[PDB]
Amino acid sequence: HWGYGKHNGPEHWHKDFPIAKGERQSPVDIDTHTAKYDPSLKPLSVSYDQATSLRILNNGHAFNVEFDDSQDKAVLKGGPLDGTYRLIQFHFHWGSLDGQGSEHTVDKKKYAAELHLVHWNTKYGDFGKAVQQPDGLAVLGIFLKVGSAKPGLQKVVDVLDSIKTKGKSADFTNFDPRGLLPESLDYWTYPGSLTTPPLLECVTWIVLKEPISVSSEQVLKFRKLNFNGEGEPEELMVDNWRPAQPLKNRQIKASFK
Ligand SMILES: [Zn+2]
């Protein structure tokens with residue numbers, strides 16, 4: 001099945017998921033000189049004070065930190081969005097080396113990693129229904145650069161040993177995702193897709209301009225994860241990013257001047 005090798009990676013996904021060659025695929029390169037400032041965009045409202053993390057899971061493609069999404073406890077609103085979007089999970093994409101790993105690029109610059117906070121539109125009742133709608137999801141994307149450590153990331157780093165291989169999970173309560181945000185909420189936005197199969201064209205992307213800094217040591221621990229299951233040949237979980245896709249008939253809008 002699909003993955004990030006030579007024989008099963010992004011360049012193959014279209015055979016099982018023809019929407020891979022669609023009109024609104026993600027990620028994309030953000031050309032900062034052609035993204036236009038839209039004064040009509042609102043500030044983003046990120047309301048994470050009541051968030052309830054539950055568990056962390058290695059799904060064979062990344063690890064997901066999962067939240068209780070059974071009520072409006074951690075929600076994203078404002079920005080480009082109409083209505084209320086509930087946080088369900090976050091995950092990352094990263095590289096084998098610090099020079100690649102992000103999905104989105106900025107003027108063709110690749111960051112070491114990219115964080116995706118995934119939220120679904122409450123008007124559709126559940127995640128599975130939301131992903132069938134063009135405005136079903138809102139994903140907040142945050143770039144990671146290597147420099148100083150991110151203190152709020154360390155709790156995630158230190159549990160990764162317990163979920164080394166595909167299908168392993170661990171309790172992961174009381175984690176505060178506010179500790180993963182940069183200072184500024186200035187953003188770019190465009191309509192796109194999930195970046196992994198099934199590649200559904202259901203996402204309003206909100207990509208923050210300001211990266212967070214993580215340490216080399218932190219990212220190194222991500223690269224000790226495995227794509228494989230327990231007692232299978234070890235294949236390090238690295239380079240779990242989809243490259244930039246054609247922008248087609250889309251515009252990227254900036255919230256800032
Ligand atoms: Zn992602």
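Only this structure's heavy atoms are used, side chains among them; waters, hydrogens and symmetry mates stay out. Along the sequence shown, residues are numbered consecutively beginning with 1.
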**OP:** For the pair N64 (side chain) and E66 (backbone), establish whether a donor and an acceptor sit closer than 3.5 Å, ignoring hydrogens and angles.
**Re:** no
Subject >> Straight-line distance of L115 CG to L140 CG, nearest 0.5 Å >> reply: 7.5 Å
Original post:
Can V156 be reached from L57 by stepping across I, L, V, M, F, W or Y side chains whose heavy atoms are under 4.5 Å apart?
Top reply: no
Original post:
Should the ring pair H119 and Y48 be called parallel, tilted or perpendicular, given that the plane angle runs from 0 to 90° and is split at 30 and 60?
Top reply: parallel
**OP:** Measure from the side-chain N and O atoms of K36 to the backbone N and O of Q251, and report whether any donor-acceptor pair falls under 3.5 Å.
**Re:** no
**OP:** Check whether any side-chain heavy atom of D107 lies under 4.5 Å from a side-chain heavy atom of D31, and answer yes or no.
**Re:** yes
Subject >> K6 atom NZ: more than 12 heavy-atom contacts under 6.0 Å >> reply: no
Original post:
In Å, rounded to the nearest 0.5 Å, how long is the span from OG1 of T52 to NZ of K73?
Top reply: 3.0 Å
Original post:
Distance-only, no hydrogens or angles: does the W13 side chain make a donor-acceptor pair with backbone N or O of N8 under 3.5 Å?
Top reply: yes
Original post:
If you take all heavy atoms of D135 and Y85, which pair is closest and at what distance?
Top reply: O-OH, 3.0 Å
Original post:
Closest approach of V159 and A170, non-hydrogen atoms and distance?
Top reply: CG2-CB, 4.3 Å
Original post:
With distance as the sole criterion, is a donor-acceptor pair present between the side chains of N226 and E234 under 3.5 Å?
Top reply: yes
Subject >> Residue of the set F227, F92, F172 for which ring pair (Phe, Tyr, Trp, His ring centres under 6.0 Å) holds with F63 >> reply: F92
Original post:
Quick one: does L137's side chain get under 4.5 Å of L194's, heavy atoms only?
Top reply: yes
Subject >> Residue pairs, two or more places apart or on separate chains, that pass salt bridge (charged side-chain N to carboxylate O under 4.0 Å, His left out) and touch residues 190-217 >> reply: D186-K209
Original post:
Are any non-hydrogen side-chain atoms of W241 and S102 less than 4.5 angstrom apart?
Top reply: no
Original post:
Counting only N and O atoms by type, is there a donor-acceptor contact under 3.5 Å from the side chain of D126 to the main-chain atoms of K129?
Top reply: yes
Subject >> ring pair (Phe, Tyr, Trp, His ring centres under 6.0 Å) partners of residues 98-118, not counting sequence neighbours, each pair once >> reply: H91-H116, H93-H116, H104-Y190, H104-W205, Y111-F143, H116-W205
Original post:
Is a donor on one side and an acceptor on the other found under 3.5 Å between the side chain of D72 and the backbone of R86?
Top reply: no
Original post:
Heavy-atom distance under 4.5 Å between the side chains of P243 and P10, does that happen here?
Top reply: yes
Subject >> Candidate pair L247 and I252, rule side-chain contact (heavy atoms from CB on, under 4.5 Å), full reasoning >> reply: CA-CA 9 Å; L247 188 62; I252 303 178; 4.1 Å; yes
Original post:
Can you tell me how far the NZ atom of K253 sits from the CG atom of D38, to the nearest 0.5 Å?
Top reply: 5.5 Å
Original post:
Quick one: does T165's side chain have a donor or acceptor within less than 3.5 Å of a partner on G229's backbone?
Top reply: no
Original post:
Do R242 and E103 sit within salt-bridge range, that is, some charged N less than 4.0 Å from a carboxylate O?
Top reply: no
Subject >> Spatial distance of atom CG (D239) from atom CD (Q100) [nearest 0.5 Å] >> reply: 4.5 Å
**OP:** Check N58 against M237 and note the closest heavy-atom contact, atom names and distance.
**Re:** OD1-CE, 3.5 Å
Original post:
Quick check: does any side chain N or O of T105 sit under 3.5 Å from a backbone N or O of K110, one acting as donor and the other as acceptor?
Top reply: no
Original post:
In the single-linkage hydrophobic clustering (I, L, V, M, F, W, Y; side-chain heavy atoms under 4.5 Å), do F90 and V157 co-cluster?
Top reply: yes
**OP:** State the OG-CD1 distance between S162 and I56, to the nearest 0.5 angstrom.
**Re:** 7.0 Å
Subject >> Connected via hydrophobic side-chain network under 4.5 Å: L117 and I88 >> reply: no
Subject >> Between CG on residue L76 and OG on residue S45, distance to nearest 0.5 Å >> reply: 7.5 Å
Subject >> Qualifying residue, where the test is ring pair (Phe, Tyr, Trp, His ring centres under 6.0 Å) with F256 and the options are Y187, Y37, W188 >> reply: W188
Original post:
Does some side-chain heavy atom of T189 sit less than 4.5 Å from a side-chain heavy atom of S255?
Top reply: no
**OP:** Answer yes or no: is there a donor N or O on one side and an acceptor on the other, between the side chain of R250 and the main chain of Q25, under 3.5 Å?
**Re:** yes
Original post:
Which heavy-atom pair separates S53 from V65 by the least distance, and what is that distance?
Top reply: CB-CG1, 4.4 Å
Subject >> Distance-only polar pair, side chains of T173 and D171, donor-acceptor under 3.5 Å >> reply: no
**OP:** Go through the side-chain N and O atoms of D69 and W120 and say whether any donor and acceptor fall under 3.5 Å apart.
**Re:** yes
**OP:** Take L236 and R223, measure what side-chain contact (heavy atoms from CB on, under 4.5 Å) needs, and give me the verdict at the end.
**Re:** CA-CA 6 Å; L236 295 179; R223 298 183 183 130; 5.8 Å; no
Original post:
Around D49, counting heavy atoms of other residues, nucleotides and ligands shown, do more than 12 lie under 6.0 Å from its CG?
Top reply: yes
Original post:
Are there more than 12 heavy atoms of other residues, nucleotides or ligands under 6.0 Å from atom NZ of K150?
Top reply: yes
Original post:
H12: what forms a side chain to side chain contact (heavy atoms under 4.5 Å, CB included) with it, not counting sequence neighbours?
Top reply: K15
Original post:
Shortest non-hydrogen contact from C202 to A130?
Top reply: CB-O, 4.2 Å
Subject >> Pair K168-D161, salt bridge (charged side-chain N to carboxylate O under 4.0 Å, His left out): steps then yes or no >> reply: CA-CA 10 Å; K168 291 201 156 280; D161 276 335; over 6 Å; no
Original post:
Should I142 and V118 be regarded as members of a common hydrophobic cluster, given that ILVMFWY residues are connected when their side-chain heavy atoms come within less than 4.5 Å of each other, either directly or indirectly?
Top reply: no
Subject >> Steps toward side-chain contact (heavy atoms from CB on, under 4.5 Å) verdict (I212, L153) >> reply: CA-CA 10 Å; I212 61 166; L153 183 58; 5.8 Å; no
Original post:
Do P27 and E114 touch side chain to side chain, with heavy atoms closer than 4.5 Å?
Top reply: no
Original post:
Any idea which heavy atoms bring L199 and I19 closest together, and the distance?
Top reply: O-CG2, 3.6 Å
**OP:** Would you check if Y124 and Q132 make a side-chain contact, meaning some heavy-atom pair closer than 4.5 Å?
**Re:** no
Original post:
With a 4.5 Å heavy-atom cut-off, do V146 and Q218 have their side chains touching?
Top reply: no
Subject >> Stepwise side-chain contact (heavy atoms from CB on, under 4.5 Å) test for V46 and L185 >> reply: CA-CA 9 Å; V46 182; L185 299 177; 4.1 Å; yes
Subject >> Within one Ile-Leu-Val-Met-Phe-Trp-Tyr cluster: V214 and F175, side-chain cutoff 4.5 Å >> reply: yes
Original post:
Are the side chain of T122 and the backbone N or O of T84 linked by a donor-acceptor pair below 3.5 Å?
Top reply: yes
